[PDB]
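These notes concern the structure reproduced below.
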Amino acid sequence: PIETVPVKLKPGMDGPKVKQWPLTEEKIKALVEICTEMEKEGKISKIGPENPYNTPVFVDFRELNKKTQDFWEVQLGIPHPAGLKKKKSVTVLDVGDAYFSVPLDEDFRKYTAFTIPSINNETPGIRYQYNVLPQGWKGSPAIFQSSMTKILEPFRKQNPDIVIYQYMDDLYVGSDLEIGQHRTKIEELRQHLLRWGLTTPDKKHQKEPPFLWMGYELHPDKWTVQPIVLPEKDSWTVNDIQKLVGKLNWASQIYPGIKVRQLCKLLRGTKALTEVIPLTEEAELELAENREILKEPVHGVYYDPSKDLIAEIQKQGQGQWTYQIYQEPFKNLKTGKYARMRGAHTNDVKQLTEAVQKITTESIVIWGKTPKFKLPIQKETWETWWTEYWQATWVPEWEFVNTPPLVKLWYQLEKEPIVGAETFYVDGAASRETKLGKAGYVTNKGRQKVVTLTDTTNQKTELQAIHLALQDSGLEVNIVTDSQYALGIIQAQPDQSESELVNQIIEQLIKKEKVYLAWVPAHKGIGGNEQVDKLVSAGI
Amino acid sequence: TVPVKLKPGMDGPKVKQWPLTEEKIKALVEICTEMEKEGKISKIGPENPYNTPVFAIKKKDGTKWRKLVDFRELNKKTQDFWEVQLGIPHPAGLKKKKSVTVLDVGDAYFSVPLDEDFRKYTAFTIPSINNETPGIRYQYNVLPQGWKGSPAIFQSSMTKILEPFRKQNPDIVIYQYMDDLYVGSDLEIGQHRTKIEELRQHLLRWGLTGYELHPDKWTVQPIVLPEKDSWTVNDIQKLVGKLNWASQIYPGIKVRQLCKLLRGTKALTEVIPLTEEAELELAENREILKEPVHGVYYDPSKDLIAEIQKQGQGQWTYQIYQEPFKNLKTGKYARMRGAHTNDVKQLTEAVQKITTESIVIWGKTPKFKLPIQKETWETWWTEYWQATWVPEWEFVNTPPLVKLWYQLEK
RNA sequence: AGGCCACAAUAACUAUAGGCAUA
DNA sequence: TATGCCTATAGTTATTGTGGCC
Ligand SMILES: O=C1Nc2ccc(Cl)cc2[C@@](C#CC2CC2)(C(F)(F)F)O1
Ligand SMILES: [Ca+2]
Ligand SMILES: [Ca+2]
Numbered sequence: 006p007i008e009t010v011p012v013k014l015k016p017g018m019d020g021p022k023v024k025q026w027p028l029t030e031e032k033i034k035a036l037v038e039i040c041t042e043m044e045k046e047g048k049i050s051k052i053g054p055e056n057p058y059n060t061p062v063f064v065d066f067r068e069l070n071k072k073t074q075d076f077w078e079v080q081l082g083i084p085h086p087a088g089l090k091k092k093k094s095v096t097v098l099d100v101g102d103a104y105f106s107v108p109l110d111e112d113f114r115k116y117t118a119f120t121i122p123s124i125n126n127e128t129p130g131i132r133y134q135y136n137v138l139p140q141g142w143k144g145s146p147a148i149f150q151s152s153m154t155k156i157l158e159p160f161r162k163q164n165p166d167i168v169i170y171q172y173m174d175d176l177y178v179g180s181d182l183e184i185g186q187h188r189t190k191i192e193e194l195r196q197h198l199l200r201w202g203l204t205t206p207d208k209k210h211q212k213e214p215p216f217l218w219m220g221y222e223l224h225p226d227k228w229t230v231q232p233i234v235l236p237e238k239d240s241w242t243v244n245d246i247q248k249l250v251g252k253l254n255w256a257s258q259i260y261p262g263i264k265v266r267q268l269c270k271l272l273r274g275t276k277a278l279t280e281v282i283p284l285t286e287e288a289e290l291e292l293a294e295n296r297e298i299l300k301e302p303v304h305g306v307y308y309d310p311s312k313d314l315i316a317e318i319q320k321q322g323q324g325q326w327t328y329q330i331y332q333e334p335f336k337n338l339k340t341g342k343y344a345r346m347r348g349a350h351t352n353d354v355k356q357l358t359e360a361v362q363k364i365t366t367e368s369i370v371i372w373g374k375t376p377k378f379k380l381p382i383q384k385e386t387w388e389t390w391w392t393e394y395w396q397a398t399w400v401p402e403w404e405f406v407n408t409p410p411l412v413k414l415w416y417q418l419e420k421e422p423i424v425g426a427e428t429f430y431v432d433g434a435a436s437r438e439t440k441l442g443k444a445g446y447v448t449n450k451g452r453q454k455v456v457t458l459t460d461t462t463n464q465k466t467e468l469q470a471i472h473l474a475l476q477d478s479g480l481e482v483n484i485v486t487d488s489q490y491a492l493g494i495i496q497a498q499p500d501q502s503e504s505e506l507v508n509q510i511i512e513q514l515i516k517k518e519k520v521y522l523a524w525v526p527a528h529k530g531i532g533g534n535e536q537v538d539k540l541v542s543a544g545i
Numbered sequence: 002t003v004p005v006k007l008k009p010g011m012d013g014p015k016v017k018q019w020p021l022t023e024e025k026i027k028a029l030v031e032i033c034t035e036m037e038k039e040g041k042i043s044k045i046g047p048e049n050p051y052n053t054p055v056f057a058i059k060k061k062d063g064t065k066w067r068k069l070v071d072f073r074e075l076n077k078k079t080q081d082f083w084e085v086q087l088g089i090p091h092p093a094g095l096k097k098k099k100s101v102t103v104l105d106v107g108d109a110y111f112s113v114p115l116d117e118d119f120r121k122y123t124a125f126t127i128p129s130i131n132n133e134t135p136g137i138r139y140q141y142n143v144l145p146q147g148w149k150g151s152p153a154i155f156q157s158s159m160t161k162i163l164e165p166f167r168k169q170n171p172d173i174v175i176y177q178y179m180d181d182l183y184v185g186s187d188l189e190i191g192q193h194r195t196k197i198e199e200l201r202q203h204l205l206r207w208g209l210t211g212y213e214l215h216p217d218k219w220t221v222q223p224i225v226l227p228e229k230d231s232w233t234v235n236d237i238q239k240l241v242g243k244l245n246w247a248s249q250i251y252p253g254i255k256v257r258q259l260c261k262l263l264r265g266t267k268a269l270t271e272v273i274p275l276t277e278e279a280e281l282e283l284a285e286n287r288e289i290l291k292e293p294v295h296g297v298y299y300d301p302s303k304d305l306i307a308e309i310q311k312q313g314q315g316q317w318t319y320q321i322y323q324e325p326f327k328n329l330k331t332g333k334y335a336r337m338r339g340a341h342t343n344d345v346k347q348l349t350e351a352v353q354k355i356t357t358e359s360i361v362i363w364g365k366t367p368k369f370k371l372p373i374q375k376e377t378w379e380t381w382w383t384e385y386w387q388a389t390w391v392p393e394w395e396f397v398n399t400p401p402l403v404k405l406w407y408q409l410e411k
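So the sequence lines, in the order shown, correspond to chains A and B.
Last residue of the first sequence: 545 (this note's numbering), numbering continuous.
Last residue of the second sequence: 411 (this note's numbering), numbering continuous.
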């Protein structure tokens with residue numbers, strides 16, 4: 006009475022009518038012996054010229070799976086060992102007769118038909134069809150889990166003190182009871198599964214507490230990954246770097262200090278499978294220190310619902326952040342490596358907030374509650390940025406912690422114009438033909454300077470003009486520009502390699518005492534702005 | 002019972018479930034178990050590929066958790082049923098009233114059975130913490146809250162029960178949208194509360210079960226320009242930049258005489274006296290901002306758009322339009338007074354208030370343009386959300402010029 | 001006669017909204 | 001109206017890799 010699940014096909018196609026491959030005879034003699042045993046057990050049944058559908062046997066259901074209907078996800082996101090609870094005794098159960106115990110929908114059974122190769126030149130042959138769930142089928146793990154969940158329900162209600170997790174065929178059972186009480190309850194679970202015809206290993210055949218699951222070596226009190234050993238010195242190829250990044254990203258969940266950006270910069274190149282990309286001194290520098298991190302063995306800690314979650318942020322470099330989540334000090338649950346400056350530039354404060362937002366969402370999936378943050382930023386700086394910024398955000402609980410690399414807001418522009426300060430009207434113009442541009446400034450005192458540039462755009466020339474306006478000016482400066490682009494960048498705090506010019510302007514503004522910056526509409530006949538525009542667009 | 006079919010070509014809703022907190026999931030399990038025993042929803046297997054997002058909200062009167070299902074995706078695929086086949090009529094006299102009271106009648110749809118073949122499209126999944134359990138699956142057996150077809154089917158039974166109320170009060174206007182009921186009246190403060198209860202007591206006859214609006218008080222506040230005694234170059238330059246951008250909204254605005262005040266290079270502090278032409282241009286520009294602009298009309302064939310800007314210090318401004326620079330309704334939602342308010346809460350309170358105003362005047366939910374990140378909004382919006390509707394939103398960038406213009410609005 | 005799940009990197013298609021420049 | 005050059009918001013399909021599985 007294992008309750009069959011009704012399964013249909015996709016709207017506009019019948020089952021696979023694919024023919025068999027040439028006979029071998031070396032494999033046929035073995036296949037008959039296996040199929041007869043499956044027929045005797047009741048897994049498959051004989052059919053004649055009735056069934057038009059056919060499936061090739063190596064059984065490859067590649068054509069049928071495309072024709073079979075879509076099933077809802079079995080398990081999309083995999084459980085993280087940090088989200089699991091600490092248990093006294095743990096037991097795993099490898100289920101035999103998994104897909105064999107659960108029967109298939111009778112009407113669908115005709116689509117799973119397969120024909121055995123002949124003995125001597127296309128002789129009639131023997132035909133079979135699956136009465137139960139077949140291996141390598143789309144709906145096989147979906148129905149099996151759905152059937153298993155209904156079986157475990159009465160046991161879960163009777164035993165809420167114990168925790169049972171189901172994965173594919175294997176079952177993970179854990180409790181806080183003594184080793185004597187725990188061992189007895191597993192046998193009671195086995196007898197319940199044996200009712201439906203599910204074979205499970207006995208006490209002596211059961212695996213010991215070091216479980217290997219999804220690459221993780223699990224323990225009742227702690228968890229660790231399998232030792233990561235990588236090929237070393239000699240000049241490696243392009244995909245060997247991709248294999249190295251894959252191992253470092255895999256280690257980033259437990260090892261806190263991992264830097265992978267320089268290897269990602271080498272993979273920014275395209276094409277050849279054997280390019281043999283050499284290393285830069287800065288690339289091997291972060292690679293050599295990552296070897297030191299992977300030397301000493303580390304372990305993760307399980308989640309406790311009583312204690313609060315605490316996350317800490319550190320700025321390790323240019324567009325790189327590292328976080329470690331812990332309930333107890335020095336006892337880390339999970340680490341990360343967030344460095345997602347998406348090829349852009351951004352800043353320091355917003356980029357930190359983008360880091361916080363990723364962990365907040367991560368904690369909802371894993372633990373189910375929001376963690377308390379300890380950020381390397383003062384409340385004075387946080388309030389100043391988010392009041393002047395257009396984008397809204399909210400971090401409910403966060404505290405201040407002084408770390409060696411503090412997040413620092415460099416400069417702030419004046420809200421009102423400065424008295425006695427020299428006024429600088431500024432403008433830049435360029436043409437995309439030949440790529441020539443001019444940048445200049447005109448003051449109220451009379452002084453002016455115009456320069457010419459090579460390989461430049463309108464965005465670069467306007468940015469060069471303000472650089473000249475800060476180069477020749479005093480301490481208190483009033484700068485007027487007609488660009489929304491040039492105003493928008495300086496009003497933000499670009500903490501990146503936004504190319505040469507931007508880093509020079511930021512460095513200039515730190516040296517100055519007070520700077521006021523204003524915007525005017527272009528080509529409107531405004532005094533000051535009109536005089537500069539005629540000079541920069543003289544030959545353009 | 003009534004047969005329901007999808008729009009030809011399109012399949013059912015297949016949307017990913019957004020992760021929920023440990024407290025919210027346990028609250029949803031308690032509600033879903035109650036509804037399963039009542040015969041509202043039933044468990045279904047993995048053979049159903051269709052999915053609908055589910056969120057947990059909180060109420061004020063009930064004080065307990067409420068189940069919210071996001072049918073936004075499915076409603077786009079079943080739009081021919083509740084708009085063309087069974088459309089709800091909308092009057093143009095609801096927007097003019099003294100007092101409007103809103104009531105929730107969402108429990109009324111929990112009795113009328115749903116079509117057998119259409120039951121599979123209302124499937125939703127309850128997520129698990131760290132994916133320990135496979136995830137609990139359910140589908141609606143009756144008319145669900147948040148689905149546009151529910152008021153369309155009940156419409157034939159809704160008009161017959163409101164007939165004794167409509168015949169009693171001919172001058173009083175009533176309108177139904179989704180799970181909320183809108184009643185407008187020109188009666189007094191003490192009269193309004195009693196007449197609503199008369200309809201509320203009538204609901205109990207059929208068996209089913211500080212919030213008061215003033216649509217006449219939604220008068221559009223005009224944009225006022227700074228009244229200054231002495232003008233400087235910097236004061237003109239900020240004004241010209243804002244007015245030149247506003248020329249595409251209000252065509253009557255000109256900056257020609259104000260620009261002639263700036264002759265040659267001048268300091269920002271330099272005091273410029275206003276001439277006969279400059280004063281007369283600025284004064285007429287103030288008159289254009291006070292009087293409503295021509296060429297602004299509602300179009301039923303086009304979708305409505307709503308854009309909100311953050312001004313800071315607990316101030317938010319908004320615009321309702323169908324085409325850019327042509328606003329049908331403007332204003333500013335400052336803050337819900339004092340207590341506990343953040344950037345998300347003030348925005349959440351604004352969106353709900355703008356949506357409610359959109360239903361009274363037009364009867365359609367606008368496309369929301371929000372100055373917030375997608376990941377930030379989708380996590381915290383459920384905390385302060387109360388209404389059953391779900392407006393279609395997008396996340397965009399806020400220009401500096403549009404932010405500085407609408408803060409001059411009174 | 002490799003596919004599926006999680007994460008990451010590279011590439012490509014970007015789409016929408018606003019803006020500047022030239023035509 | 002087109003293309004090149006800027007900002008912001010949001011995605012999609014392919015490859016490769018790491019950890020796993022059928
Ligand atoms: O809540 C947890 N605690 C736990 C702790 C250690 C181990 Cl090794 C296993 C668990 C467990 C889980 C497991 C599935 C991930 C494999 C257990 F399956 F129930 F065992 O449940
Ligand atoms: Ca454009
Ligand atoms: Ca792969």
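C-beta atoms are modelled at their ideal positions from N, C-alpha and C, and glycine is treated no differently.
If you check the CB distance, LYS342(A) and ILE246(A) do not come in under 9 Å. For the C-beta of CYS33(B), not a single chain A residue is nearer than 9 Å; the gap to the nearest is close to 15 Å.
Taking 7 Å as the upper bound on Cβ-Cβ separation, chain A lies near residues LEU263, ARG264, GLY265, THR266, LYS267, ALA268, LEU269 and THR270 of the region 261–274 of chain B.
Cβ neighbours of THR386(A) within its own chain (closer than 6 Å, five residues either side excluded): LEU414. The beta carbon of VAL256(B) lies closer than 6 Å to those of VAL241, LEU244 and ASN245 in the same chain, with the five residues before and after it left out. At a Cβ-Cβ threshold of 9 Å, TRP317(B) and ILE309(B) count as neighbours.
Using a Cβ-Cβ distance cut-off of 8 Å, the region 143–152 of chain B and the region 67–82 of chain B are in contact, since at least three pairs of beta carbons, one from each stretch, lie closer than that value. At a cut-off of 9 Å between beta-carbon atoms, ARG138(B) makes contact with chain A.
Around the C-beta of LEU89(A), 16 or more other C-beta atoms lie within 10 Å, and the residue is accordingly described as buried. Counting along the chain, the unbroken alpha helix (DSSP H) around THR377(B) starts and ends at 375–381.
Selection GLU518(A), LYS51(A) and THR205(A) evaluated against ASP99(A) yields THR205(A) as nearest (Cα-Cα).
Residues of the region 80–95 of chain A whose Cβ lies closer than 8 Å to any Cβ of chain B, in chain order: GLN80, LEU81, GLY82, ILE83, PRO84, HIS85, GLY88 and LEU89. Chain A has a Cβ within less than 9 Å of the Cβ of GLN314(B). From the listed residues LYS190(A), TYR172(A) and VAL23(A), the smallest Cα separation to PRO165(A) is found for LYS190(A). When the five nearest sequence neighbours on each side are left out, the beta carbons in the same chain lying within less than 8 Å of the beta carbon of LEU253(A) are those of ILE263, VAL265, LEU268 and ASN295, in order along the chain. Within chain A, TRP399 have C-beta atoms less than 8 Å from the C-beta of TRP381(B), given in sequence order.
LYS370(B) sits away from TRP406(B), with the two beta carbons spaced by 9 Å or more.
Going by DSSP, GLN163(A) is part of the alpha helix (DSSP H) stretching over 145–163. At a C-beta separation below 9 Å, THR399(B) has these neighbours in chain A: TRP395 and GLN396.
Here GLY13(B) really is in contact with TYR122(B); their C-beta atoms are around 4 Å apart, less than 8 Å. With contacts defined as CB atoms closer than 9 Å, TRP395(A) and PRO47(B) fail to qualify as a contacting pair. Proximity to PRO16(A) across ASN56(A), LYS517(A), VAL485(A) and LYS72(A) peaks at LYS72(A), based on C-alpha coordinates. For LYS443(A) and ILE224(B), the gap between their C-alpha atoms comes out near 40 Å. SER502(A) counts as exposed, since fewer than 16 other beta carbons sit within 10 angstroms of its beta carbon. Taking a cut-off of 8 Å for Cβ pairs, the region 54–71 of chain A and the region 16–31 of chain A touch, as three or more such pairs fall below it.
Proximity of chain B to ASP75(A) at the Cβ level (cut-off 7 Å) is accounted for by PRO50, in chain order.
According to DSSP, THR73(A) shares a beta bridge with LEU14(A). In this chain, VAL297(B) is not harboured by any alpha helix (DSSP H), its DSSP state being neither H nor E.
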